[PDB]
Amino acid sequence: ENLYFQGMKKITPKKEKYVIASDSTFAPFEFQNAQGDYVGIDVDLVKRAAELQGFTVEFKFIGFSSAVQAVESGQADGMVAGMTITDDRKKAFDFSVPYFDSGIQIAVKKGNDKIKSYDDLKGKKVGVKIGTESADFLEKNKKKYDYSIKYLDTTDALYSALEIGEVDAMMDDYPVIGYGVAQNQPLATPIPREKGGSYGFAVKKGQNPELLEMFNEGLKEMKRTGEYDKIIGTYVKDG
């Protein structure tokens, strides 16, 4: 309420260490730097939120579906993995305040001339990461456009499959493809993005409320100081 208040609400941890599950490579959200350490928007936001408030977090970069299962089972306390907030997922998870606006998009090989619309995917192969918003879109529209869906395990696997010609196109989150394009990966995006959803930090529904509160209060603080915008701008420098 007090907009001139320069402090923070005190959120008290209840565990010596909270385990945070994540995807294994999903740049710019979580990915390895030159030293092999994981960095990225998700990693920086969660680690800084914890630092701001005396929480200790331990990241496990295990894959998207693995992270979902770990939080559901109680083996991880929370997850961050560029995870879209949806109503269906709210049945299993409590989500933070949204921290990023996203959506999905097709990518094809740089130099591809054939594919300019979804209808051009007729008789083609589209790679996608199992368990994701992209997979849901492709299944919904498979009858309509008449492509075949190939299920892969990671975003790196999508890029590999596309590049060596195992698939004709892939579908993944648009800022992820965009980061790849910005570092000259051989990707093109001839079909407009499907905007939709924001990302959230997630805990199991009804569990670990203070961990969720810690993220929310940290995000508020980082938004107030501009640290949030500096973190994003560390990875996304597209003007």
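Residues carry their position along the shown sequence, with the first being 1.
Chemist: Mean CA B-factor: is it higher for 20-28 or for 5-13?
Modeler: That would be 5-13.
Chemist: Looking at the entry, does 136-144 or 78-86 show the higher mean C-alpha B-factor?
Modeler: According to the PDB entry, the answer is 136-144.
Chemist: Can you tell me which of 92, 130, 106, 158 has the maximum CA B-factor listed in the PDB entry?
Modeler: Within the set 92, 130, 106, 158, 92 shows the top C-alpha B-factor.
Chemist: Among 180, 190, 40, 63, where is the Cα temperature factor highest, going by the PDB entry?
Modeler: Top of the list by C-alpha B-factor: 190.
Chemist: Where does residue 72 sit by CA temperature factor within its chain: lowest, middle or highest third?
Modeler: Ranked within chain, residue 72 CA B lands in the middle tercile.
Chemist: Based on the entry's values, in what third of the chain does the Cα temperature factor of residue 186 lie: lowest, middle or highest?
Modeler: It belongs to the middle third of the chain when residues are ordered by C-alpha B-factor.
Chemist: For residue 44, does the deposited CA B-factor place it in the lowest, middle or highest third of the chain?
Modeler: According to the entry, residue 44 has a C-alpha B-factor in the chain's lowest third.
Chemist: Thinking about Cα B factors across the chain, which third does residue 50 belong to?
Modeler: As the PDB entry reports it, the C-alpha B-factor of residue 50 lands in the middle third of its chain.
Chemist: Once the chain's modelled residues are ordered by C-alpha B factor and cut into thirds, is residue 173 in the lowest, middle or highest one?
Modeler: Its C-alpha B-factor, which the entry lists for residue 173, ranks in the lowest third among residues of this chain.
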